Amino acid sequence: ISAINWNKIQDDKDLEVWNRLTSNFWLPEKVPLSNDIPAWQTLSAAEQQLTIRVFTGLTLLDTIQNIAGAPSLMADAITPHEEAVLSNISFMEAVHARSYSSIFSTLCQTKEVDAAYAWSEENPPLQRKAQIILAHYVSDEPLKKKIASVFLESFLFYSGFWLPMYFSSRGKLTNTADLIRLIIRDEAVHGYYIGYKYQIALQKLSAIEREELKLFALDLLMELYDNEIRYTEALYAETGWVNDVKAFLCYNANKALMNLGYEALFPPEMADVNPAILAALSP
């Protein structure tokens, strides 16, 4: 271990990402969440349960990324500066996770929150995706680890991010949505960066190896995609929003794929997101 020298950058992107991520630092306390209290009261009991469950699902994924994911990529960094950026990513995943408790504390009741957490421990689709990702994080295959990480950063949270964006388009939970956008602002960069590092590693492999990884990527995606469909149908049952969430899933699945350097897999007719959602996503 040698002292790190930030005046001898080996890959400029490391410094760009470091500056963008650190400059985008934030904490949930900085978001006036209490201003969503009236909006929360206008949601149905069903909608409130849905929101809480979705957020607990998001929390599990962030907790994993903070605990196992990010730190898992550490031993695979190719530059000392990458290691520093990964430590920031890990910390921010902790802030992301913590933010949901801030939301629960401000808007919800202890009883209903505890029930949601119980639900998360038992939901098959949720535990299945958590299991799939973790298995890759504990393995010894660095590139399958980055593929899983990108799918988590750019795909797996979106069945959840969709809800606050929808509510916001109706003028509800807008401050919660603002917070979600700060989280998304981070995840988008995380996925971009990890995907970038994955691409660099590919060039150091043969053509036969790069081809294996490509096939692995598409198979893992289909596995996660189908399980996410089941996760979505169950959570959004009877809301009438299932097909919109699915479109949002394909939309983000293509971005995850592109972050790994591959071409979009889902055609426009499966990834046609309602412009209202796209607008709320980036006003």
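Start at 1 and count along the sequence shown; that's the residue number.
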Once average C-alpha B-factors are taken from the entry for 72-80 and 176-184, the winner is 72-80
Stretch with higher mean Cα temperature factor, 241-249 vs 210-218, is 210-218
From 139, 154, 87, 102, the top C-alpha temperature factor is at 139
Per the deposited B-factor column, the C-alpha that peaks among 92, 165, 150, 143 belongs to 143
Binned into thirds over the chain's modelled residues, the C-alpha B-factor of residue 111 lands in the highest
Here the Cα B-factor of residue 205, set against its chain, lands in the third termed highest
Residue 45: CA B-factor among chain residues, third -> middle
Split the chain's modelled residues into thirds by Cα B-factor; residue 130 lands in the middle
Residue 229: C-alpha B-factor third of its chain, per the entry, is the lowest
